[PDB]
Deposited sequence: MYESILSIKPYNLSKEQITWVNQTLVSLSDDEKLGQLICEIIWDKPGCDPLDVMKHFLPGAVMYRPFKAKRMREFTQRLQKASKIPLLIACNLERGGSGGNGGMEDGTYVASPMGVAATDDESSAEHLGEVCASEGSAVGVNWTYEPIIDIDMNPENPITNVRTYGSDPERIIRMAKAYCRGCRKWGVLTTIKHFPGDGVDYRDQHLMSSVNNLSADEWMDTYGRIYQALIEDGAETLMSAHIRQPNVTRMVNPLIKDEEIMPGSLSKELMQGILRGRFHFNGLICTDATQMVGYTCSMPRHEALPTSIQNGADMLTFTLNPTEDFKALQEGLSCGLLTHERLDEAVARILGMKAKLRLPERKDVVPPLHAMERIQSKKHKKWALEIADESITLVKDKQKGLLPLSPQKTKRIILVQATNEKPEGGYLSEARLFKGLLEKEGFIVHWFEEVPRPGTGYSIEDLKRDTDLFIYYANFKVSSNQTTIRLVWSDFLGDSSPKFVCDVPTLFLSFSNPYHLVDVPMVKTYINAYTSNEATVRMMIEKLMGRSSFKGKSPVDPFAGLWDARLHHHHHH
């Protein structure tokens, strides 16, 4: 059975592969089928054993948090050889081998997706995807939870922002298809997220069930257009997140009551009515992480877990208390919250992706050790430099004669770090590098914290005697469970003397900082805070490299 699913896009399995899926399915107990539904998270901290993911059930997949590539490779061998059914092994490879709170600790940090989008060259996104999948597959990853095809409509949203390809649906489609092309070259499944679409609300689904409140027609013309394009392009998997679309839900079910409207991860109207029905998506649907507030607050958990599967999800991403969660699935199956027929259909789509990857027939469980040499390879580092060269964007340049910088125009610089990270020693490694590279050019550079500021004992004339230029290094990065990535001062260090001392503002992440420093006359978006982008920033400030980036978003955010 299931030939109508498994023989067509995005599965395209052969007769013999479908026979393996069916024979395997029939051989599984209900407990084993329920376990296939679960992806378990894995971390590398002493006292934590990866095989703990198998103490309470036999999972269908795992996801690696960021730890070292060599440990990931060892974990893959241990996990797979201990598993009767091969595992899907997922990773949040968002920005290359490393970067963005996902990936691996020591992979290549290429760029944020928005930095890639600023190049306006889809080859940049293809290269991004190649790095992610090339470095991931070397250590055993076969599933990247990317690309993000959210639209960065709302500039106050803290969980979209540089994780997106910006606010233009046509560019999102171009870039996401290219990212997927790069991944398929290395045998890694992709995941379009976050369905039904982040970026309309200004709130984080990590902390609540956020709401895409476009009209049904508006949603269909934007998010629906993007999802349809990636589905037709062959997207293998899709992540249903803890976001509501009430107006689309009511289009499917006009009589639904407000309290019955569920987020994507729990919604039959969105997963079965829209995705399976209207869009004929035939790939694997997984939930976003189930311990997040957007999920937990929407429904009692014991009902929610089987209901997600019944309503169209094939896989639950992560457990809270694993004994309790598995018991909830067992009881949901026995009492009819989850049907045996829907259980078999979910597991068929899980096993089908394992057969698509040819995991059952793989003699070795990881590639040869030789494959590890791709990680931080010269090719990958080179692509990161090219993308930085093409991405950095001169947004506002209303300071006559400021650029290019020269020690003979502005010898003494005060460097002002602004960030929501908490690096040991107070200063970001990348800002230290930037400071050192300015000094190499011949500038004298002090941190804001090292020199006096105007006050009862120090005047603005003193400041002007001691300071020729202020430079701001702003890195307000996305991170789960933040309600803002707005500029926060750590407010005397803000650009409060722009008419008395020339001030230059550099953002290495959030592209909307003109919201909080509108007085600034020269403003540059770099989208990514890594070594490659810092070095290329220096080249461009000194006038040895042109500014080539094009804003993939409106950096002024409506003035």
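Peer 1: Give me the ranges of the deposited sequence that have no CA atoms here, in sequence order.
Peer 2: Coordinates drop out over 491 to 493, 563 to 573.
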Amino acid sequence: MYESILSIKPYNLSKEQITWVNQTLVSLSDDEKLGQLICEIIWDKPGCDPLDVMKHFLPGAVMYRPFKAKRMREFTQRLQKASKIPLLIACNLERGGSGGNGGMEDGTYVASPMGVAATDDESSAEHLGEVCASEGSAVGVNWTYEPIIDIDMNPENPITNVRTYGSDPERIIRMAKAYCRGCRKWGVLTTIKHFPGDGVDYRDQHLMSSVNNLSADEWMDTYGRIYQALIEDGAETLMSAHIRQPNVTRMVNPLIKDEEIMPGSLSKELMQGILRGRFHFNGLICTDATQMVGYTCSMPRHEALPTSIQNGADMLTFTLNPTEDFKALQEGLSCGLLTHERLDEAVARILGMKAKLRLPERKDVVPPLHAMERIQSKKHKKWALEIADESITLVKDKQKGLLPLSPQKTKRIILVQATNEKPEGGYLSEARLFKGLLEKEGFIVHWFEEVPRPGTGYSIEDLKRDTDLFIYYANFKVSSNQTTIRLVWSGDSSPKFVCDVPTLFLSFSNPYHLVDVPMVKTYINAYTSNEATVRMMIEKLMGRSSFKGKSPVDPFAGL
From here on, numbers count along this sequence of modelled residues.
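Peer 1: Would 203 to 211 or 352 to 360 have the larger average of its C-alpha temperature factors, as given in the entry?
Peer 2: Between 352 to 360 and 203 to 211, it is 203 to 211 that shows the higher mean C-alpha B-factor.
Peer 1: Give the stretch, out of 51 to 59 and 523 to 531, with the larger mean C-alpha temperature factor in the deposited entry.
Peer 2: Per the deposited B-factors, the answer is 51 to 59.
Peer 1: Have a look at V366, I89, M271, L333 and flag the one whose Cα has the highest B-factor in the entry.
Peer 2: Answer, based on the entry's C-alpha B-factors: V366.
Peer 1: Between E232, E424, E135, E236, which one tops the list for C-alpha B-factor in the PDB entry?
Peer 2: Highest C-alpha B-factor among the listed options: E424.
Peer 1: Just say lowest, middle or highest third for the CA B-factor of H280 relative to the other modelled residues in its chain.
Peer 2: Middle third by C-alpha B-factor.
Peer 1: Considering every modelled residue of the chain and its Cα B-factor in the PDB entry, is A384 in the lowest, middle or highest third?
Peer 2: Its C-alpha B-factor belongs to the lowest third of this chain's values.
Peer 1: Test of reading the entry: by CA B factor among the chain's modelled residues, which third contains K9?
Peer 2: According to the entry, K9 has a C-alpha B-factor in the chain's middle third.
Peer 1: Among the modelled residues of this chain, does the Cα B factor of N101 put it in the lowest, middle or highest third?
Peer 2: According to the entry, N101 has a C-alpha B-factor in the chain's highest third.
Peer 1: Among the modelled residues of its chain, does the C-alpha B-factor of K15 lie in the lowest, middle or highest third?
Peer 2: Answer is highest: the recorded C-alpha B-factor places it there.
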